[PDB]
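In what follows, a single structure is set out as structure tokens and then discussed.
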Amino acid sequence: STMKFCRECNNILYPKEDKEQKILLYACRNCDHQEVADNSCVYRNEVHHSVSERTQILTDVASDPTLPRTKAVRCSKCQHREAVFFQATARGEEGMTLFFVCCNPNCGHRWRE
Amino acid sequence: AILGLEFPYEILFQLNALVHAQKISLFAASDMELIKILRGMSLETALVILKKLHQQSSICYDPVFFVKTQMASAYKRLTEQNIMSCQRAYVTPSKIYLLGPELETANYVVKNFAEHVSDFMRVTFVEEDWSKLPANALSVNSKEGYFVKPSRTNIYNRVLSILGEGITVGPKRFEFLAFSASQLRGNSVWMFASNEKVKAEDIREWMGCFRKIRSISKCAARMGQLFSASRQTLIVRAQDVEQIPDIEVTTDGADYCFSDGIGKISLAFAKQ
Amino acid sequence: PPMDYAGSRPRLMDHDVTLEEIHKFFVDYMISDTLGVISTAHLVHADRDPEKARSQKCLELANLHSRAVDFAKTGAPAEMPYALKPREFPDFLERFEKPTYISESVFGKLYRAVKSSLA
Ligand SMILES: [Zn+2]
Ligand SMILES: [Zn+2]
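Protein chains in written order, with the numbering used here: chain B, 733 to 845; chain E, 402 to 673; chain Z, 423 to 541.
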């Protein structure tokens, strides 16, 4: 996805590989000029999901899913059954441990499993 | 630095314990005459007069007049009834109280380290009334942001600093060794003064290798489990031990193990 | 049938102990140490509400007691709720400052018999 212009005629260069040279080379079809390549990079693209441009706002693509909610657990500070549960790692521990966040607007309490 | 001499450690510890008690103030025992008199004397008589002064019913104002008017076995005790003199300290948010060399039952760690009988000191963190620290005195809760987050108080940092830097009493510095299961429920911890012969790390690695345990609570429990009172018996090498397989049953999707800590013994072993 | 004996999931670290997190655990053991109040709350709730040890409150108290007695083994706080506090104590207790209520359970009868025998 890279491009450069040869200093001779200022035209685009296409990459090519030579078995005898065993090195990356760039030469344009306008003039018979061959220049050495730098960094041996012919393609470099950052992976992005911006394919459906100007369409993700109208149709809900659900890029960020919502956390599940449960009512079996019971909060400690308040007697509310609705809570949000999810899995995340600890500060230094290994693996996935279950967490809980109270759904009461006036409680704001979170506890582990 | 005020003394700057070869004053012994036991006498200095006894003097500090007496000063901590409501018997003699700080300046009344910091004069040159008292230490000059107490420097060169008989050790047993000095201990006797010090404990007699500590036994005074009221507050003593002039110690010099009182002291003017007044005038091996550890190993055997450990082998007979495990009798040792252990120092007990009480750390409060305001000050620290030293109880003194109180007699108590000896544990296993002092059996092979009986020469440093004075380096072991029990440290208990209590309140000013020598009671348990309330939950409001450590990590009081406060609502900051969307969720509540506890805020550590200055007592929390003080306890952390005391545990880290350690307690210095005279020409010694006590380091954290471990704490037993009973001491964890009583806010108590063992401290050992590092010496040129054996340090705290030496004892810690002599007890065992605890790097295999990756749990914070489990490692502490395994390090402190070997501090119960016990009676010494013969020594058995690691050549004659069995590896009997155990029995496990899994019903209703639940792991039920019959053999948790069961074992097998012979008759000759019981007789011995 | 007995209650389930399955404890909490163990917490394993990705590094060795540097003698600091053990101090953190030792200091934090004082905070949220509700081992001694769970039994008192369970006794008060059993003495107050009839058909004791049958309601879900007693089961919750027993589960919290098991989790608190598992604190010394695994780093799991008991998380004692505020609504389960008794706020009342029977006669056979040393909490003179706290309010005292006359209990009519078997323990109340035993304490009254002891009081009559001593007097
Ligand atoms: Zn060109
Ligand atoms: Zn809540």
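For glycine and all other residues, C-beta sits at the position ideal for the given N, C-alpha and C.
Item: Does the beta-carbon of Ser458 of chain E, which I'm using as the reference point, lie nearer than 8 Å to any heavy atom of ligand 2?; Value: no
Item: Measuring only the C-alpha atoms, how far is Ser667 of chain E from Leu635 of chain E?; Value: 16 Å
Item: Less than 8 Å between the CB of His765 of chain B and some heavy atom of ligand 1, yes or no?; Value: yes
Item: By the 9 Å beta-carbon criterion, what residues does the region 614-630 of chain E contribute toward chain Z?; Value: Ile614, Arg615, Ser616, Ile617, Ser618, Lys619, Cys620, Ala621, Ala622, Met624
Item: Strictly below 7 Å CB to CB, what residues from chain Z border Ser589 of chain E?; Value: Here the premise fails: no neighbours, minimum Cβ distance about 10 Å.
Item: Could you name the residues whose beta carbon sits closer than 6 Å to any heavy atom belonging to ligand 2, keeping them in chain order?; Value: B:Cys807, B:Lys809, B:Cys810, B:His812, B:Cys834, B:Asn836, B:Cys839, B:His841
Item: Please tell me whether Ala490 of chain Z and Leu457 of chain Z are closer than 9 Å, where the distance is taken between their beta carbons.; Value: yes
Item: What's the call for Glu576 of chain E, buried or exposed, on a 16-neighbour Cβ count within 10 Å?; Value: buried
Item: Is the shortest distance between the beta-carbon of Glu443 of chain Z and the beta-carbons of chain B less than 9 Å?; Value: yes
Item: In its own chain, which residues sit with a C-beta less than 7 Å from the C-beta of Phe593 of chain E, not counting the 5 before and 5 after it?; Value: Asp520, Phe521, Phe575, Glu576, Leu578, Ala601, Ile604
Item: Does the beta carbon of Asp438 of chain Z come closer than 9 Å to any beta carbon on chain E?; Value: yes
Item: Where do the ends of the beta strand (DSSP E) carrying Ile497 of chain E lie?; Value: 497-506
Item: Return no unless some Cβ of chain E is closer than 9 Å to the Cβ of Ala494 of chain Z.; Value: yes
Item: At a Cβ threshold of 9 Å, is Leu434 of chain Z touching chain B?; Value: yes
Item: For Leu448 of chain E and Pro503 of chain Z, I'd like the C-alpha separation in whole angstroms.; Value: 53 Å
Item: Kindly indicate which residue of E:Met472, E:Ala430, E:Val511 has the alpha-carbon position closest to the one of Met485 of chain E.; Value: E:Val511
Item: Below 8 Å on C-beta distance, what does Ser808 of chain B contact in chain Z?; Value: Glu501, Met502, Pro503, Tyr504
Item: Which residues in the same chain as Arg489 of chain E place their Cβ atom closer than 6 Å to its Cβ, once the five residues preceding and following it in sequence are excluded?; Value: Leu500, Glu503, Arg523
Item: Per DSSP, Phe529 of chain Z is paired with what?; Value: According to DSSP, which records beta bridges pairwise, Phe529 of chain Z is partnered with nothing at all.
Item: What's the C-alpha gap between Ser426 of chain E and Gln471 of chain E?; Value: 20 Å
Item: Have a look at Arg431 of chain Z and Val793 of chain B and give me their C-alpha separation to the nearest angstrom.; Value: 36 Å
Item: To the nearest whole angstrom, what separates the beta carbons of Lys424 of chain E and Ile460 of chain E, a pair I think is in contact under 8 Å?; Value: 6 Å
Item: Buried or exposed: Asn762 of chain B, going by 16 or more other Cβ atoms within 10 Å of its Cβ?; Value: exposed
Item: If contact is defined by three or more beta carbon pairs under 8 Å, each pair taking one atom from either stretch, is the region 464-478 of chain Z in contact with the region 533-544 of chain E?; Value: no
Item: Determine the DSSP secondary structure at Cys480 of chain Z, reduced to helix, strand or coil.; Value: helix
Item: DSSP state of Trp607 of chain E, grouped into three classes?; Value: helix
Item: Could you check whether the Cβ of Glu740 of chain B sits closer than 8 Å to any heavy atom belonging to ligand 1?; Value: yes
Item: Against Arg842 of chain B, what residues of chain C qualify as contacts under a CB-to-CB distance less than 8 Å, listed in chain order?; Value: Of the protein chains in the structure, B, E and Z, none is chain C.
Item: How would you call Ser772 of chain B, buried or exposed, if buried means at least 16 neighbouring beta carbons within 10 angstroms?; Value: exposed
Item: Can you list, in chain order, the residues of its chain whose CB lies under 8 Å from that of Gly530 of chain Z, leaving out five sequence neighbours each side?; Value: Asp469, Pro512, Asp513, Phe514, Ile524
Item: Cβ of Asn762 of chain B within 8 Å of any heavy atom in ligand 1?; Value: yes
Item: Among the candidates B:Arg844, B:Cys834, B:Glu845, whose CA atom is the shortest distance from the CA of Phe548 of chain E?; Value: B:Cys834
Item: In chain E, what lies closer than 7 Å to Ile453 of chain Z by C-beta?; Value: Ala536, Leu539, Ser540
Item: So is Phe526 of chain E buried or exposed if we call it buried at 16+ other beta carbons inside 10 Å?; Value: buried
Item: What residue from Z:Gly497, Z:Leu483, Z:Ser488, Z:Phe493 has the CA that sits closest to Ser808 of chain B's CA?; Value: Z:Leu483
Item: Under DSSP, the alpha helix (DSSP H) around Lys598 of chain E begins and ends at which residues?; Value: No alpha helix (DSSP H) contains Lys598 of chain E, which DSSP labels as neither H nor E.
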